[PDB]
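Only one chain is shown below, in structure tokens, and it's the form deposited in one PDB entry.
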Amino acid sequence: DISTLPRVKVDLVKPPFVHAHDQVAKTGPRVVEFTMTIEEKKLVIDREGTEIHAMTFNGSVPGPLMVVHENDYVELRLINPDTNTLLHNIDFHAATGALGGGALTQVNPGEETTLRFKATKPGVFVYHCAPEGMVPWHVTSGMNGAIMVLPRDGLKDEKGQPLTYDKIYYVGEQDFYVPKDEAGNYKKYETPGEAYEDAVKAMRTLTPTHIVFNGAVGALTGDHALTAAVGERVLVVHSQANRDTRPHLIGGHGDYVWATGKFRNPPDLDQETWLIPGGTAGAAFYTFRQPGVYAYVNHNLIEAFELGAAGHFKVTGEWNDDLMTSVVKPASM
């Protein structure tokens, strides 16, 4: 009887950070309560100042990472304020039935709903809006996030031994399709309805104009670079709700990788690069061994370095000359 279970209220944080949780469940199954507020907002997505009408959960692209344990119940209060103009809903790939919740969560501006589902399968999973007839438009406007469902005894390696992270980040990768005129310049629009047909036309090209992490070119760089220390164990959760990606830590590896994100499967070891299919979340575990700057990219390097799918780690600690050294520094001879 679900009414006899503990309830725990989660307070979300903005990606790439992740709300507090325990890897190994410190309680029995719980009803874990989340609230998200839909926000339609203008976002500047590149260095040129290109501004799109984003559709967000909780103000961010991606939406925040939700974390529960296997056989917890997720109870989400979804709020669509009357400052928004569109109908929205939510589909959890973690959930079973009713299009992952989308059939039960249709909220007009000025409405709210509360969905509950049982998180019966452990893994990282995409969640996304999906209103009948307008599904790719909402998703490719940024209206997607992820949920992690941890096994109750935490993560395990390919031999059944514990894998415990010290830090976790969530990288949401977003393909945008900003409509272009014949000359190649981006168009702007007076209303979503006046934008819709051109959004459909842009999407049908199948060719993104931008591919970004955390909502914009350069979002995970500078003062917002990801951080770690030598010897820290770091889990990077990575989602892509609509297109394939091929993540790569430049100067590192995925020591243990669930490329399609489901923890009952043994991870792939020692990956350079892995394929997260569109419509999937994946997760990579790495122990840093060298200090300095790393880039974290989609290893279609055009997508990375021309279209935006690149972030950075700044790693502190000591350099290991056994692992790598310059024997003779660049010089003329």
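We number the residues from 1 along the sequence you see. Shifts are known only where both forms have a C-alpha. So that the term is clear: the rigid core is the largest set of C-alpha atoms that superpose within 1.5 Å between two forms.
Higher mean CA B-factor, judged across 117-125 and 180-188 from the recorded values: 180-188. Remark: stretch with higher mean C-alpha B factor among 105-113 and 228-236 is 105-113.
The PDB entry assigns the greatest CA B-factor among 173, 91, 72, 194 to 194. When the Cα B-factors of 55, 297, 52, 275 are read from the PDB record, 52 comes out highest. The PDB entry assigns residue 267 a C-alpha temperature factor belonging to the middle third of its chain's modelled residues. Ranked by Cα temperature factor within the chain, residue 20 sits in the highest third according to the deposited record. Residue 32: CA B factor lies in the middle third for its chain, per the PDB record. Ranked by C-alpha B-factor against the other modelled residues of its chain, residue 201 falls in the highest third. In the deposited entry, the Cα temperature factor of residue 159 sits in the top third of values across the chain's modelled residues.
Below: the form deposited in another entry, not depicted.
Of the residues 191, 205, 83, 120, just one CA atom moves 2 angstroms or more between the shown form and the other one under rigid-core superposition; it belongs to 191. In sequence order, 181-184, 190-194 are the runs of at least 3 consecutive residues whose Cα positions differ by 2 Å or more between the shown form and the other one once the rigid core is superposed.
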